[PDB]
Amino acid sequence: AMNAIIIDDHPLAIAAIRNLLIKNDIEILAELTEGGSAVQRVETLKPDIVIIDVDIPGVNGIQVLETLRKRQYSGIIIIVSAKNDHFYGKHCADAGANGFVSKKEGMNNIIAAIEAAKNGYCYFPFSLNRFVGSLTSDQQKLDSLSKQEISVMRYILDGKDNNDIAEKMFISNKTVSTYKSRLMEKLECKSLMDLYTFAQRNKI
């Protein structure tokens, strides 16, 4: 058969994911609810498939991916999000994920992603907005962001303050300000209303 490790802090998502994998004769080696032990458990148990939420606490899902790939892990890693996060897929792809899937539309895209991977394909959100319409220059601006700048952005859009971010990202306040300036500058935003509107327009 085929087996997996699931990494998600959301109790309901864990359940639906678990339930989906069983339904498809995939055996679950372990279930994790934080990212700080993830690298280790993955490397030890060596599952065919890893499913990781992009927002696990401790060490986030993309940081786990970069670390695993850096350390020559060659399994299927599928990243998932509770948000739409369609712009984030590109960054996950650049880091070596086999796919990125939003849980918003349910669990079938996860199994679809696992299938693609089994066949040598990767499975990521498509933005027509990269190639068509008036939103292309906005859409590359997003593509220029650092992994970390993206974290801070998404945290700002959830309305978190510098301290909440620092604590979550295990960085100092100054490092958050710095990432926040770099972020704003790349987005051509000066004020919070600029950012609000930027986000509305690109539907983040």
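Throughout, we count residues from 1 along the sequence that is shown.
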Practice task
Report the stretch with the higher mean CA temperature factor, choosing between 74-82 and 104-112 on the basis of the entry.
Solution key: 104-112
Handout entry: Of 154-162 and 65-73, the one with larger mean CA B-factor
Key = 154-162
Handout entry: Member of 138, 31, 43, 53 with the greatest C-alpha B factor (per the PDB record)
Key = 138
Completion exercise
Note to self: of 146, 37, 60, 172, the C-alpha temperature factor tops out at 172
Handout entry: Entry-reported Cα temperature factor of residue 97, expressed as the chain third it lands in
Key = lowest
Fill in the blank from the handout: Chain-relative C-alpha B factor for residue 89 (record values, thirds): the middle
Exercise for the section: Tell me, lowest, middle or highest third: where does the Cα B factor of residue 4 rank within its chain? Expected result: middle
Fill in the blank from the handout: Of the three thirds of the chain ranked by Cα temperature factor, residue 17 occupies the lowest
Practice task
Relative to the other modelled residues of the same chain, rank the CA B-factor of residue 126 and answer lowest, middle or highest third.
Solution key: middle
